[PDB]
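Just below is one structure, and these are the notes that go with it.
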Amino acid sequence: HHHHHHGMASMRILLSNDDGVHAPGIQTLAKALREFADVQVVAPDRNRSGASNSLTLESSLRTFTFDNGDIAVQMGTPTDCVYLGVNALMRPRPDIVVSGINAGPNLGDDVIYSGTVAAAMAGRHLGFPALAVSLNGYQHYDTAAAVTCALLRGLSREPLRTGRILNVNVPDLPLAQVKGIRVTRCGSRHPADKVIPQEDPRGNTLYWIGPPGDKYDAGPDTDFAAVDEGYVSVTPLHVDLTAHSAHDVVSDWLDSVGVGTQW
Amino acid sequence: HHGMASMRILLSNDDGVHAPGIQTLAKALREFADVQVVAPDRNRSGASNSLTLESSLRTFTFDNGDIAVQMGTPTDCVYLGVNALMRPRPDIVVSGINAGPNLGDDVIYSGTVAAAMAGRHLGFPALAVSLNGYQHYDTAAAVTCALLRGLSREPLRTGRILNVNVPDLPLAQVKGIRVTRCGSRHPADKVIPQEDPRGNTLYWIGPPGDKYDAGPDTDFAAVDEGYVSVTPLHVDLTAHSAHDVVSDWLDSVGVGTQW
Ligand SMILES: Nc1ncnc2c1ncn2[C@@H]1O[C@H](CO)[C@@H](O)[C@H]1O
Ligand SMILES: Nc1ncnc2[nH]cnc12
Ligand SMILES: [Mg+2]
Ligand SMILES: [Mg+2]
């Protein structure tokens with residue numbers, strides 16, 4: 001009939017985040033996805049920014065269902081949410097996990113700390129590649145929602161053959177000002193070094209973790225560079241932490257220092 | 001003592017400050033190095049690279065000088081150790097000895113690995129050390145000490161984190177070391193539901209998926225064959241091999257192009 005999307009409920013999406021179920025990023029995105037997808041939100045009960053791929057192992061998890069059908073996992077991490085949503089809670093099972101929209105970027109080596117990214121990585125085995133979506137700010141959730149809907153419509157047109165996780169960072173701009181899209185690699189930062197002390201009412205010093213370090217590798221092929229230049233950044237991710245290129249150096253080093261070998 | 005300089009180690013873990021793995025290791029390391037423990041106050045296995053951002057962190061210092069971070073994650077402990085609690089900054093982070101392995105694609109969830117990753121910008125590559133069981137902490141301590149002597153004999157030029165898994169055997173039975181890559185598992189899919197006394201269903205995370213990639217060059221295979229597995233890790237999660245396929249895909253579906 002000619003509509004922007006084919007089907008009002010053609011894809012089953014598990015939508016999660018790490019800002020928590022009440023966050024404007026996930027709620028704005030849910031409203032956009034519900035136009036064309038069958039969406040089930042399964043997200044943390046509060047802001048779990050910084051949760052990375054942490055899992056709850058020593059306790060069981062309780063869920064809470066809101067009047068609108070959204071599910072919070074109480075005390076749940078983003079990884080808990082996706083793991084339970086895929087493997088226990090959702091029927092039918094999701095075709096895809098979408099995680100976001102996060103309030104703030106997930107770029108460079110920040111990605112391994114990101115609970116937004118971790119929710120997506122917990123969906124890497126599904127029929128479509130998982131999407132992690134982060135806004136470089138707090139102002140244009142509508143832009144990030146539009147980019148996400150475009151990517152999802154793209155997946156309906158042709159399957160993506162390689163890459164199981166897409167880390168998407170959206171500039172905080174009206175859509176008409178976004179320049180385009182770049183496929184990027186993760187940049188990197190200097191080590192974060194700030195600790196912010198704050199005395200409690202009894203005079204004891206407590207410590208706040210400081211902000212990320214300055215950009216270090218923010219070259220033209222990086223996610224940083226794309227966002228900074230007004231492009232959407234798309235970086236395909238994987239979970240293999242092996243530094244493959246260090247293999248021979250490490251082997252030769254062990255031999256040279258006689259650890260593992262008698263001579 | 002012997003060299004021109006003492007090695008100054010920040011030692012952490014995620015089993016908790018009182019765990020036998022970290023205390024066994026601390027005793028061994030203090031024979032030759034200056035050791036500062038900064039570790040979670042409790043078992044935080046599965047903490048991955050999580051960071052406490054929502055609250056400030058409280059520390060406790062024990063009579064022996066060990067520092068526990070109350071509700072701190074392993075990454076929190078290393079962050080506070082490197083940036084506030086040790087002056088000057090440590091030479092190296094050593095994390096472990098973990099009670100149990102950290103192998104294959106499970107490494108991304110490991111708080112033992114995360115503490116080592118948090119030390120990746122120091123003067124020596126960080127060590128994460130995990131015992132494939134609970135008996136031979138002594139074996140894993142001896143292996144760690146050997147690596148640390150190794151790092152002071154010649155610099156390791158490439159690789160900022162070494163993930164070390166030690167078979168749970170007496171030292172005499174360990175065959176040697178293999179430099180490995182992380183193996184992988186099938187998708188984990190088991191949830192263990194248990195009702196509370198009111199009939200509400202609560203959910204436990206189940207066992208990992210069965211091994212998928214666990215052949216000859218993997219960390220799994222090394223440990224199974226009685227070798228220490230050493231895998232260099234990095235924090236760049238980019239799937240570089242997918243770049244062209246993703247770019248061509250976007251073009252083919254008209255996302256980011258008018259044509
Ligand atoms: N000290 C820090 N180290 C790393 N990431 C930080 C820090 N402070 C804030 N963040 C950001 O918060 C996000 C939560 O994971 C991280 O992705 C990271 O970019
Ligand atoms: N069930 C599980 N799934 C994924 N990672 C794990 N690490 C420990 N248990 C796990
Ligand atoms: Mg967040
Ligand atoms: Mg542990």
Side-chain angles (χ1 to χ4, degrees), chain A residues 17-20 22-23 25 44-54 75 77-78 102-118 134 136-138 188-216, chain B residues 10-14 16-17 36-42 44 47-62 66-90 93 95 111 114-122 235:
Chain A
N17 76 348
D18 82 356
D19 295 324
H22 309 292
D45 60 340
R46 51 178 181 281
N47 191 342
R48 300 298 300 268
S49 292
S52 182
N53 301 77
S54 56
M75 322 296 287
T77 71
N102 192 58
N106 285 118
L107 294 166
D109 51 349
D110 291 341
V111 165
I112 207 165
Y113 301 94
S114 171
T116 299
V117 172
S134 296
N136 188 40
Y138 318 126
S188 67
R189 302 186 177 274
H190 285 279
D193 56 5
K194 299 171 178 311
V195 171
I196 300 138
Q198 184 167 49
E199 279 189 17
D200 78 4
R202 275 72 66 191
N204 304 112
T205 301
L206 308 181
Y207 302 101
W208 289 96
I209 285 187
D214 290 340
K215 295 166 195 172
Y216 175 62
Chain B
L10 172 53
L11 168 67
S12 197
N13 77 343
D14 78 359
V17 69
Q36 173 67 60
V37 172
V38 185
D41 67 338
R42 72 199 70 195
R44 296 304 296 278
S48 178
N49 297 268
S50 62
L51 212 42
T52 301
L53 305 175
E54 73 186 336
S55 300
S56 63
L57 295 158
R58 184 176 301 273
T59 62
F60 184 74
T61 304
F62 295 92
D66 293 350
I67 299 171
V69 184
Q70 193 160 77
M71 274 299 298
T73 64
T75 303
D76 287 336
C77 288
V78 172
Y79 192 99
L80 288 184
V82 168
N83 295 311
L85 303 180
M86 292 182 75
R87 308 201 169 293
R89 77 180 59 92
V93 168
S95 181
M117 295 202 303
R120 62 187 180 278
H121 293 311
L122 297 171
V235 294

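Numbered from 1 within each chain, the chains take letters A, B, ... in sequence-line order.
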Distance, nearest 0.5 Å, that separates CG of B:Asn49 from CG of A:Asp110: 11.5 Å
Least distance between heavy atoms, B:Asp14 atom then B:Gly111 atom: OD2-CA, 3.0 Å
Interatomic spacing from CD1 in A:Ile112 to CE in B:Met117 - rounded to 0.5 Å: 3.5 Å
For A:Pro78 against A:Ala51, the heavy-atom pair lying closest together: CD-CB, 3.6 Å
Contact check, side chains of B:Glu54 and A:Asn47, non-hydrogen atoms, under 4.5 Å: no
Within 6.0 Å of CZ in B:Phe62, more than 12 heavy atoms from elsewhere: yes
B:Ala116 to B:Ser95 - nearest heavy-atom pair and separation: N-CB, 3.9 Å
Qualifying side-chain hydrogen bond (donor to acceptor under 3.5 Å, both in side chains) pairs, either residue in residues 71-84 of chain B, two or more places apart: B:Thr52-B:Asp76, B:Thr73-B:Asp76
Pairwise side-chain contact, B:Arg44 with B:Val69, heavy-atom cut-off 4.5 Å (strictly under): no
Closest heavy-atom pair and its distance - A:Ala118, A:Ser52: CB-O, 3.0 Å
Under 3.5 Å: donor-acceptor pair, side chain of B:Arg58, backbone of B:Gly72: no
Distance-minimising heavy-atom pair for A:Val117 and A:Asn106: CG2-CB, 4.2 Å
B:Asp41 (side chain) donor-acceptor with B:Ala68 (main chain) under 3.5 angstrom: no
B:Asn13 and B:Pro40, any side-chain heavy atoms less than 4.5 Å apart: yes
Using residues 202-215 of chain A as the side-chain source, report each donor-acceptor pair under 3.5 Å to any protein atom, sequence neighbours left out, with the distance given to one decimal.
| residue | atom | partner | partner atom | Å |
| --- | --- | --- | --- | --- |
| A:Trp208 | NE1 | A:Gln198 | OE1 | 2.8 |
| A:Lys215 | NZ | A:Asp228 | OD1 | 3.2 |
| A:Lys215 | NZ | A:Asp228 | OD2 | 2.9 |

Backbone N/O of A:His22 and side chain of A:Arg46: donor-acceptor pair under 3.5 Å: no
Within-4.5 Å side-chain heavy-atom neighbours: B:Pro90 and B:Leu122: yes
Rounded distance (nearest 0.5 Å) linking atom CG of B:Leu85 with atom CD1 of B:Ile67: 4.5 Å
Reported CG-to-OG distance for the pair A:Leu107 and A:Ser188, which is rounded to 0.5 angstrom: 12.0 Å
Set of side chain to side chain donor-acceptor pair (under 3.5 Å) partners for B:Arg89, sequence neighbours left out: none
Closest contact, heavy atoms only, A:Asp19 versus A:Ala103: OD2-N, 2.9 Å
